[PDB]
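Next up: a single chain in structure tokens, the form solved without the ligand.
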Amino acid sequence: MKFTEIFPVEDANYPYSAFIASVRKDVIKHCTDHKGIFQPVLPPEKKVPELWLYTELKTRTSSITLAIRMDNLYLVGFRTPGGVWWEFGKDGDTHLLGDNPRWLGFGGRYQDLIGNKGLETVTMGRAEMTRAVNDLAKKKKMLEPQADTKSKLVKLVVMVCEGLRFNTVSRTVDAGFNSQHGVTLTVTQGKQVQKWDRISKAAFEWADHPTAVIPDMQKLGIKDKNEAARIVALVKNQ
């Protein structure tokens, strides 16, 4: 339960990297050091999460607050300027968020947000982030209209959640944060990103046996633990 510092989306003076590094510092405070693992391991998963990241993204006209569960770096919902909380999921599910939340009518996986499309299709950057925040901020309907809101959510998910998790994503995004053509991930990066938990299990495995050969990693273009250590910044507890 830490409130990350505010991110002035439109303000080109505040780089994306400084936001990522800041928010990682906050998360790492709740991480542990495992013998044999380069990266700081996140709090262990729970049915009901106890550690939360509340990251506010504010433009020049509006803002929203992201409700990220630390223990798997995973966007659960967001708060609008009007104080309305929207949560991934639907009627009949259990709310993880408090303060009378509303369901978006759809989940928050790369399944539910973009179907079978590749992460390379999601365009990101300062402009995208600005457009997403302003749009999500003017949300009053029950995932119900329709989801160009899914599209705005997947961009934030990758820029924020995946950026915090991978050094690959954070550097790619930052390097193209103020570009006119936006910035996107390579097909390979996207496959690695959708495999975070797997790369994470590999981390543990490479702690047990540094030499171990792991085809689930070879197939993603990750040769060994040294290579995985530079791609993933924070590992999921296993």
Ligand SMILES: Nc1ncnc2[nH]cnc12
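For every residue, the number given is its place in the sequence shown, counted from 1.
What follows is about the form solved in complex with the ligand, which we do not show.
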The ligand in the bound PDB entry has a heavy atom of only one listed residue within 4.5 Å, and of 133, 161, 104, 122 that residue is 161
Picking from 141, 90, 138, 109, the single residue whose non-hydrogen atoms come within 4.5 angstroms of the ligand in the bound PDB entry is 109
Note: the ligand not shown here; in the bound PDB entry, the stretch from 38-46, 184-192, 204-212, 66-74 having heavy atoms within 4.5 Å of it is 66-74
Heavy atoms within 4.5 Å of the ligand in the bound PDB entry: does residue 157 have any? yes
